[PDB]
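See structure below.
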Amino acid sequence: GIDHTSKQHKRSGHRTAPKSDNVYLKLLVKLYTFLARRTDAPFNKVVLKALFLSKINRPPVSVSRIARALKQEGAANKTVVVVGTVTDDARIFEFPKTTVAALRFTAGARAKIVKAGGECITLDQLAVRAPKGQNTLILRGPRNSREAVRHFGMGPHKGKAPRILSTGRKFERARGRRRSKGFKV
Amino acid sequence: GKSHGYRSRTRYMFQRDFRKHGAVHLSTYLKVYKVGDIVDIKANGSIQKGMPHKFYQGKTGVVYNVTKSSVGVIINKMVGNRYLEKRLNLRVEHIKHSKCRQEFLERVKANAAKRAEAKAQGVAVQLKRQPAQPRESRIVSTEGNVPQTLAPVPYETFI
Amino acid sequence: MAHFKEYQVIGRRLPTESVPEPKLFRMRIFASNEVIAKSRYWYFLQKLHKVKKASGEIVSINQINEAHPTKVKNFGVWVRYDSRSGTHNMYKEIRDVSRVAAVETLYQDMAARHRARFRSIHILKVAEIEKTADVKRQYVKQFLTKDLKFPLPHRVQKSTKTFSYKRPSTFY
Amino acid sequence: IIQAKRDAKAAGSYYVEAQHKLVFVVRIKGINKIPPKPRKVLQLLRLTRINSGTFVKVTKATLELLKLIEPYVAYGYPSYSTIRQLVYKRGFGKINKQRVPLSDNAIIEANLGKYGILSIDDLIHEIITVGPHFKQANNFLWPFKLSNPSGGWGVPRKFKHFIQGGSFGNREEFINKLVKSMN
Amino acid sequence: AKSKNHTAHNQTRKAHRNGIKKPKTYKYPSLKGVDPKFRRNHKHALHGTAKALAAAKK
RNA sequence: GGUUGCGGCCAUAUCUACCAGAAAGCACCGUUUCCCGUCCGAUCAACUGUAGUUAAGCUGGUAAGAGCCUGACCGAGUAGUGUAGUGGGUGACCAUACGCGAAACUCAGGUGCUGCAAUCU
RNA sequence: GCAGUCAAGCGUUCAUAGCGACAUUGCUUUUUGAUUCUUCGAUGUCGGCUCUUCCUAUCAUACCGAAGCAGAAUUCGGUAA
RNA sequence: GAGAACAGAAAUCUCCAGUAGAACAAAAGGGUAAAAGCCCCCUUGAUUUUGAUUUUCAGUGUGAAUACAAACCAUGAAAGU
RNA sequence: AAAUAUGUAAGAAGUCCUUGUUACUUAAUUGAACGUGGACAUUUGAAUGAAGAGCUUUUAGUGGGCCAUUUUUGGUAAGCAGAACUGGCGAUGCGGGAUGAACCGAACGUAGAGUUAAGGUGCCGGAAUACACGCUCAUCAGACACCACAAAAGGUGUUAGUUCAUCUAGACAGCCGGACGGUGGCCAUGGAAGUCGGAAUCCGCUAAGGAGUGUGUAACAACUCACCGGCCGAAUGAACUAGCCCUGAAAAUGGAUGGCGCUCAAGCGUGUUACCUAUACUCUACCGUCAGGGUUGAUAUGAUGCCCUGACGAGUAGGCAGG
RNA sequence: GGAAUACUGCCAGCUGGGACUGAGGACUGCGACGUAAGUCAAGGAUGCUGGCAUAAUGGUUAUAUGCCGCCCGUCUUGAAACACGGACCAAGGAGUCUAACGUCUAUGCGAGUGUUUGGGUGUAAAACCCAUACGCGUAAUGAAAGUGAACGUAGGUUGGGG
RNA sequence: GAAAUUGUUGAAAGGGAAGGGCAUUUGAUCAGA
Ligand SMILES: [K+]
Ligand SMILES: [Mg+2]
Ligand SMILES: [Mg+2]
Ligand SMILES: [Mg+2]
Ligand SMILES: [Mg+2]
Ligand SMILES: [Mg+2]
Ligand SMILES: [Mg+2]
Ligand SMILES: [Mg+2]
Ligand SMILES: [Mg+2]
Ligand SMILES: [Mg+2]
Ligand SMILES: [Mg+2]
Ligand SMILES: [Mg+2]
Ligand SMILES: [Mg+2]
Ligand SMILES: [Mg+2]
Ligand SMILES: [Mg+2]
Ligand SMILES: [Mg+2]
Ligand SMILES: [Mg+2]
Ligand SMILES: [Mg+2]
Ligand SMILES: [Mg+2]
Ligand SMILES: [Mg+2]
Ligand SMILES: [Mg+2]
Ligand SMILES: [Mg+2]
Ligand SMILES: [Mg+2]
Ligand SMILES: [Mg+2]
Ligand SMILES: [Mg+2]
Ligand SMILES: [Mg+2]
Ligand SMILES: [Mg+2]
Ligand SMILES: [Mg+2]
Ligand SMILES: [Mg+2]
Ligand SMILES: [Mg+2]
Ligand SMILES: [Mg+2]
Ligand SMILES: [Mg+2]
Ligand SMILES: [Mg+2]
Ligand SMILES: [Mg+2]
Ligand SMILES: [Mg+2]
Ligand SMILES: [Mg+2]
Ligand SMILES: [Mg+2]
Ligand SMILES: [Mg+2]
Ligand SMILES: [Mg+2]
Ligand SMILES: [Mg+2]
Ligand SMILES: [Mg+2]
């Protein structure tokens, strides 16, 4: 017998492959597994890790977010890498010329980038151009802006968006939400 | 029925330190507490205002707020299986500066001075405290100290 | 606790700046090994003087061999032991060739006759009785008579085999 | 040391040998029914299995740990022969969180060469003479998995103190015999 | 029928299963209960310090 | 070094009984128009510093003094206690091992130290 | 409920022939309680009648010891179911 | 405790000692002596706004309490409260 | 005023120096808080460890507990009832305690070998009718903790001790002699002379004799002993202490150190070895799991593949996964 | 006075007997011996020989023997229980579907998204095509009237993968 | 044309159940080379 100081047979808790059955995503995962194994590039390692992520862990990255990242000082000529979907954003009116590598481009985002004069390329094209992730800039979308997130941690004095189907007066606003009816939260 | 009041079971805890009753001496009010100071909590039974709860007697915390006659103290209270942050508003009579950190600040000053003098003299640091080491070899002389032989004594009552 | 050896143990009551070179107390301990000897030394020192192992140190431990291990001697042994209901001082006499053999006999006899375990016994003193007629126990006196002879009746020989064919005899 | 003892005796003094700087501790009690504080101390000394042994550098801080776990371990002062045989036969290094046998000096050099330890005898030296990098060398050494003693424990009952005719506690010099029989 | 009233048995084991976690000390702790007059002045002090630092970039 | 004002620690400073105190200071002390307060100029208030005194306050000293304070290989490694055993004992309880370790008791020593400011034989 | 230990006293004298205060040590499970472990998809709930066996803390019978046992009667006790 | 007409054990007056052995609404515990007790003077902070905190605690509620902020006040010579 | 338990600290979110902001604060750049810039990286400021650390969501079962050591309340107590800390059983097999939920040992993938734990080694039954010093004889012996009971009080049973005494200037025991006088001492009583009772506790002769140790008398008288002697000639006496054994010790079907049986034990106390054997420990193989890695540089179709390395494996309720 | 021996400990001293294991499968490594060739006990067994070539080994099965083994399910702190169900066997026999939802995951598109109420069409309940709306989202807050999200490089500081 | 249950035949075992686990003997039977 052994006085175990930790749980036995504990799985790492991290994805080692995509849950997706997408054959093209599996091919990309194979390519970047080879790259992360035989290039020693931290970019390649993090891209391989990101290729496994679920949909909520790959929030969309908007072209406006990409434009701000390019407005970062010294990053104007870097290849923007998004392991996920790049979405269009009409709230921005001046998009710069840049090369963006992404899993997916929406029609509007691809049109905006190409019209501004850049190119939308796949992750394998990115791997061919920069096998060590040279001059890359990895962008991630907002994870905690999801609708599900605001209901997380709900409780007294948390301000955490009660789970509710109908909103308005008469819907969870009277007792426990104001001092005039019992107490406030 | 049962009784769990605010000052329950404080009978001896909040006593006045026999033959030290009466007015609080002025050094207690002349102490100065700044945010980040480390203070031990010991309630004064003669000062009923700004009093800590009995749980915080003997607890050491960090001052986070300073007011006219009180300080705010941060205590990590064990609740269930984790520690919760607690903010006590304690009049200065119930707190004093913790000497567990004035000595540490003196040690920090001494370490900085020793590092400066070492960088001036040569190459040696030895700046970490070490536990009590096993004793080195020694020679014990018998000159004037011839070993005296003891034996266990016989039993007797002497009552 | 086992076959016994005698040790001299000298301890110091560790020195300080105020009192260097403390009084170097010594005892003679009967123990089966040096660890037990030092443990017993500190036990008795805690019984005698204001000191403990943490505040003292063993200056020396030396095995004391019998000076004449092949000379038959009579030993007077003064012991103090705890019975089931009290503490008692006793004097006994043991004939043997060494102090360690006499002490082993003493422990065996105390266990056999008073159910006194090792933990319950203090060896106050062991001293050779140099002169006959200073022996005051009959069970030792009877072995000090001139030209002592005695037979060994009813000799029981151990058989190596399960069965014997002879109906053996106990002559000696 | 021998000549210092002789010289003190000739001068009429007593040579008090330096207190031992190294102990070897072996867990002699199973993993059931252990109070939480001694259990934690055993885990921190890496004795998580019966007949698991480790070297401990003697200070007040570790002497108190040995005091806390006295009823569950047999410990003492290991000799150079005991240490050499332990490292030679049951010497394993912790490399990438793995138990790798010390079958080559390159294995020791790759993990401890930054401390000046280049060989199995370098490691043995760092253990026997408690050097500046004793902590790193000892932690590199995987806990020694000894067998039950070949000639038995020498006592009918293990779980009283060595002084009381048992097996646990400080058995200062007899730990060499016990560990050699266990090796 | 009467039953058990109370016991703390097994409670420390349950708590230590997931451990007694220290509460994640942060830099820049909250100013929740800090004296509001001090907080009002500190807001302006931080405003002025940021202004001075930005203006120092020439 | 004395003394005063303000103090810090709050008896090593307190308490009982005696003795002494140069200089200054403090004090008692002298007076009742005014401010003020009293049954009562006793206290409190105001005035003089003059009429007098160290009697008391105060300060220091004395006492095989009470108390208090300090230390002790004094008691005592005692009481107690953490840990251990398929130890003892019918039990009550006790012993031993690895550790921690009092209080009373006894003995000896001590009896305010000190900060700022001012003043003084 | 039954049995001891001590022995102030009772017993004309005499603590213990027979008793025995104040105390104290026990045993038993034929009292009654205490508890709620078993049984509530059910162990037939008083007593008597009948019949067998067991225990001994022995009423009688056998043989004995002691007595404040002259005899007679009786009492205490032993081995004994 | 020592004294003073009626006046004594207890009306009132005076001095001495008095670490609280009294009192502070109530139960008990704690606390308090130029006070937290007694007497006197002035008063309404037992007010307004809404937050933070402690105990119970799920770190919900309620009760109770603590320290501030913004006012308006009370008292005091004032610091303050 | 402990022991145990318990809060905090042992640094880079630090320390030191200079000076920026503010409506706060101060008599006042005085301070407060937050900073710019500069200096300090071998021990960055104790030990030990760290199948990594931190974090989030969502759901199952559960919400009758019980036992052991220790602390502890009610109760006479309880296999009772209620708390504290821990370890356990529930949920757990395995070796041992004959047997048993909880005790001891040890926790469990499938096997091999070795060594052990607790417990044992006369036979059942694997293993010394081992060694060694003692103790015990029971016409109810005793024979391993939890645990399956026994007490006060006793015993020239036997053993070992403590203390005080007597003794070759003759100890104790044994047989025989004496055991007086003052004196029926005084008093209570109808009578009480040494002896139903109170006080006085004396001497002469004395080796020695008590105003009395008992028997006896209505009181006497009379035997008797303390006390001293004759004979023998060396150890003896008293009160205690605690070991084993015995008495105390009585229940119901016939029966339980587990049984047999065991007596310089096969019992009790103790010590030394040798030996036996757990699913424990050590080494190896194989299965699976987990982890860390190698390998699309081709034929080479199994990169979810092949391969290398290390560690691990108990399980009710329950969850998940692969089939 | 000079030794010896015991006891304890050490040797990278030598050597005999016994048992279990032989994993791996070109080479690569670390070594040793040798001047060097090479050889080796050095990153896991080979060499030589015999018998048999089938029920001989082995499997299965019945029985015998040694030791072990209480009746499952269930409620329960505790079941083999003198607790409950069960004489036996076959077949049937119990977390389903639906409306609306939380988390997580996959997929499509993405500031939008949802063709299928309906229309068109059809090889006819299929597949294929489609307008206007509507639902949810893109704005919140307030009881409501109502108002309604850039001082700044959509801010500053600390940490932060890349 | 199953099982429970049953007849006959054949084989085997059988001192107050039977059934099971490990291991091998014996009998029967059989695969692989
Ligand atoms: K019933
Ligand atoms: Mg395992
Ligand atoms: Mg106190
Ligand atoms: Mg109040
Ligand atoms: Mg062996
Ligand atoms: Mg053993
Ligand atoms: Mg309950
Ligand atoms: Mg006057
Ligand atoms: Mg005045
Ligand atoms: Mg005078
Ligand atoms: Mg005095
Ligand atoms: Mg134990
Ligand atoms: Mg019925
Ligand atoms: Mg019936
Ligand atoms: Mg009878
Ligand atoms: Mg006042
Ligand atoms: Mg329930
Ligand atoms: Mg109950
Ligand atoms: Mg259950
Ligand atoms: Mg278990
Ligand atoms: Mg038993
Ligand atoms: Mg195995
Ligand atoms: Mg046998
Ligand atoms: Mg007795
Ligand atoms: Mg036996
Ligand atoms: Mg024996
Ligand atoms: Mg893998
Ligand atoms: Mg499992
Ligand atoms: Mg030898
Ligand atoms: Mg092979
Ligand atoms: Mg065969
Ligand atoms: Mg059986
Ligand atoms: Mg029940
Ligand atoms: Mg069952
Ligand atoms: Mg039953
Ligand atoms: Mg039922
Ligand atoms: Mg039925
Ligand atoms: Mg069916
Ligand atoms: Mg048909
Ligand atoms: Mg059929
Ligand atoms: Mg029959």
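Order of the sequence lines fixes the chain letters, A, B, ..., with proteins taken first and strands second; residue numbering starts at 1 for each chain.
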Tabulate protein N/O versus nucleotide N/O from nucleotides 100-104 of chain J, keeping only pairs under 3.5 Å, one per line.
{"residue": "J:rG102", "atom": "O2'", "partner": "A:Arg163", "partner atom": "NE", "Å": "3.3"}
{"residue": "J:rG102", "atom": "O2'", "partner": "A:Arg163", "partner atom": "NH1", "Å": "3.4"}
{"residue": "J:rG102", "atom": "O2'", "partner": "A:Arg163", "partner atom": "NH2", "Å": "3.4"}
{"residue": "J:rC104", "atom": "OP1", "partner": "A:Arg146", "partner atom": "NH2", "Å": "2.8"}
{"residue": "J:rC104", "atom": "OP2", "partner": "A:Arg146", "partner atom": "NH1", "Å": "3.2"}

Interface polar pairs with nucleotides 84-88 of chain F, N/O, under 3.5 angstrom:
{"residue": "F:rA84", "atom": "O2'", "partner": "D:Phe159", "partner atom": "O", "Å": "3.3"}
{"residue": "F:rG85", "atom": "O4'", "partner": "D:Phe159", "partner atom": "O", "Å": "3.3"}
{"residue": "F:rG85", "atom": "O3'", "partner": "D:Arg157", "partner atom": "NH2", "Å": "2.8"}
{"residue": "F:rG85", "atom": "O2'", "partner": "D:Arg157", "partner atom": "NH2", "Å": "3.2"}
{"residue": "F:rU86", "atom": "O2'", "partner": "D:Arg157", "partner atom": "NE", "Å": "3.2"}
{"residue": "F:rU86", "atom": "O2'", "partner": "D:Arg157", "partner atom": "NH1", "Å": "3.0"}
{"residue": "F:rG87", "atom": "OP1", "partner": "D:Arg157", "partner atom": "NE", "Å": "2.6"}
{"residue": "F:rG87", "atom": "OP1", "partner": "D:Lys160", "partner atom": "NZ", "Å": "2.9"}
{"residue": "F:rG87", "atom": "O2'", "partner": "C:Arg119", "partner atom": "NH1", "Å": "3.2"}
{"residue": "F:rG87", "atom": "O2'", "partner": "C:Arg119", "partner atom": "NH2", "Å": "2.7"}
{"residue": "F:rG88", "atom": "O4'", "partner": "C:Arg119", "partner atom": "NH2", "Å": "3.0"}

Output a table of nitrogen or oxygen pairs between the protein and nucleotides 300-308 of chain I separated by less than 3.5 Å.
{"residue": "I:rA303", "atom": "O2'", "partner": "A:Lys30", "partner atom": "NZ", "Å": "3.3"}

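H:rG37 and H:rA9 are spaced 29 Å apart, taking the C1' atom of each and rounding to whole Å.
The base of I:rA10 is not paired with the side chain of B:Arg107 by any donor and acceptor separated by under 3.5 Å. B:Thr60 contributes a side-chain N or O that forms a donor-acceptor pair with the base of I:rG7 under 3.5 Å. At a cut-off of 3.5 angstrom, counting only N and O atoms as typed in the model, there is a donor on one side and an acceptor on the other between the side-chain of A:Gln8 and the base of I:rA51. With hydrogens and angles ignored, no donor-acceptor pair closer than 3.5 Å exists between the side chain of D:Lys94 and the base of I:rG49. Residue C:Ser32 places no side-chain atom within donor-acceptor reach of the base of I:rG271, judged by atom type and a 3.5 Å distance cut-off alone. Counting atom types as modelled, A:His4 pairs no side-chain N or O with a base atom of I:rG313 as donor and acceptor under 3.5 Å.
Closest to the B:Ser27 side chain, of the nucleotides I:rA84, F:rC9, J:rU157, is F:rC9. Nearest nucleotide to the side chain of E:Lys27, out of J:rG9, I:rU86, J:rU158: J:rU158. Of the candidates I:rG11, I:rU296, I:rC34, the closest approach to any side-chain atom of A:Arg38 belongs to I:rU296.
Residue-level contact check: E:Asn5 touches the backbone only, with heavy atoms under 4.0 Å from sugar-phosphate atoms and none from bases. The residue B:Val108 sits close to a base: some heavy atom pair falls under 4.0 Å. Residue contacts for B:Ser69: at a heavy-atom cut-off of 4.0 Å it reaches the sugar-phosphate backbone alone, with no base atom in range. Using a 4.0 Å heavy-atom distance criterion, A:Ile2 is classed as a sugar-phosphate-only contact. At the heavy-atom level, D:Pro149 lies under 4.0 Å from the strands shown only through sugar-phosphate atoms. At the heavy-atom level, C:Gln63 lies nowhere under 4.0 Å from the strands shown. B:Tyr56 comes within contact range of the sugar-phosphate backbone alone, with a heavy-atom separation under 4.0 Å but no base atom that close. As judged by a 4.0 angstrom heavy-atom cut-off over every strand, B:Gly61 is placed among residues making no nucleic acid contact. Among the heavy atoms of the strands lying under 4.0 Å from D:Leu146 are primed sugar atoms or P, OP1, OP2 only; no base atom is included. Residue contacts for D:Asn176: at a heavy-atom cut-off of 4.0 Å it reaches no nucleic acid atom on any strand shown. In this structure, A:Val46 reaches the sugar-phosphate backbone alone: every heavy-atom distance under 4.0 Å involves primed, P, OP1 or OP2 atoms, never a base. At the heavy-atom level, C:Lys5 lies nowhere under 4.0 Å from the strands shown. Nucleic acid contact for D:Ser52: none, since no nucleic acid atom lies under 4.0 Å from a heavy atom of the residue. At the heavy-atom level, A:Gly153 lies under 4.0 Å from the strands shown only through sugar-phosphate atoms.
In terms of phosphate contacts, D:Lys37 brings no side-chain nitrogen or oxygen within less than 4.0 Å of OP1 or OP2 of I:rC85. Side-chain N/O atoms of C:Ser85 include none lying less than 4.0 angstrom from OP1 or OP2 on F:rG89. Not one side-chain nitrogen or oxygen of E:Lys24 sits closer than 4.0 Å to the OP1 or OP2 atom of I:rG54.
At least one test fails for D:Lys94 against the ring of D:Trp142: distance under 6.0 Å to the centre or angle within 45° of the axis.
The glycosidic torsion of J:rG43 lies within 90° of 0, placing the base in the syn range. Applying the 90° criterion around 0 to the glycosidic angle, K:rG16 comes out syn. Glycosidic conformation of I:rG178: anti, with the torsion beyond 90° of 0. Against the 90° criterion about 0, the sugar-base torsion of H:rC57 places it in the syn range. For J:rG120, the base is anti relative to its sugar; the glycosidic angle deviates from 0 by more than 90°.
Pairing partner, I:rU236: I:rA165, with both Watson-Crick or wobble hydrogen-bond distances short of 3.5 Å. Checking F:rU3 for Watson-Crick or G-U wobble geometry (two distances, each under 3.5 Å) identifies F:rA118 as its partner. Pairing of J:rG85, defined by two Watson-Crick or G-U wobble distances under 3.5 Å, is identified with J:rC72. When Watson-Crick and G-U wobble pairs are counted only if both distances are under 3.5 Å, H:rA25 pairs with no nucleotide at all. In this structure, I:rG216 forms no base pair with any nucleotide, since neither Watson-Crick nor G-U wobble geometry is met with both distances under 3.5 Å. Base pairing of G:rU74 is made with G:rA67, judged by Watson-Crick or G-U wobble geometry with both donor-acceptor distances under 3.5 Å.
Classification of the I:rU58/I:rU59 step: stacked, the six-membered rings being closer than 5.5 Å at their centres and less than 30° apart in plane orientation. Stacking check, I:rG88 with I:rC89: both criteria met, centre separation under 5.5 Å and interplanar angle under 30°. Stacking check, I:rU29 with I:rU30: criteria not both met, so the pair falls outside the 5.5 Å centre and 30° angle limits. In this strand, J:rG18 sits stacked on its neighbour J:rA19; the base ring centres are under 5.5 angstrom apart and the planes under 30 degrees.
Taking 4.0 Å as the cutoff to heavy atoms of chain A, we find the contact window on RNA chain H bounded by H:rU50 to H:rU62.
Here A:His9 is a minor-groove residue, having a side-chain heavy atom within less than 5.0 Å of a minor-groove base atom and none near the other groove.
Looking at D:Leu146 and D:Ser52, their side chains never come closer than 4.5 Å, going by heavy atoms from C-beta outward.
Sugar pucker of G:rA70: north, as indicated by a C1'-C2'-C3'-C4' torsion of positive sign.
Taken together, I:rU247 and I:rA153 qualify as a Watson-Crick or G-U wobble pair under the 3.5 Å criterion applied to both distances. Applying the 3.5 Å cutoff to both bonds, I:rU270 and I:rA300 do not register as a Watson-Crick or G-U wobble pair.
Judged as a side-chain contact (heavy atoms from CB on, under 4.5 Å), and not counting sequence neighbours, the contacts of B:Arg129 are B:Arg107.
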Side-chain donor-acceptor pairs under 3.5 Å in residues 105-114 of chain C, sequence neighbours left out?
{"residue": "C:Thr105", "atom": "OG1", "partner": "C:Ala101", "partner atom": "O", "Å": "3.2"}
{"residue": "C:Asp109", "atom": "OD1", "partner": "C:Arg113", "partner atom": "NE", "Å": "2.3"}
{"residue": "C:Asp109", "atom": "OD1", "partner": "C:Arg113", "partner atom": "NH2", "Å": "3.1"}
{"residue": "C:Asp109", "atom": "OD2", "partner": "C:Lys92", "partner atom": "NZ", "Å": "2.7"}

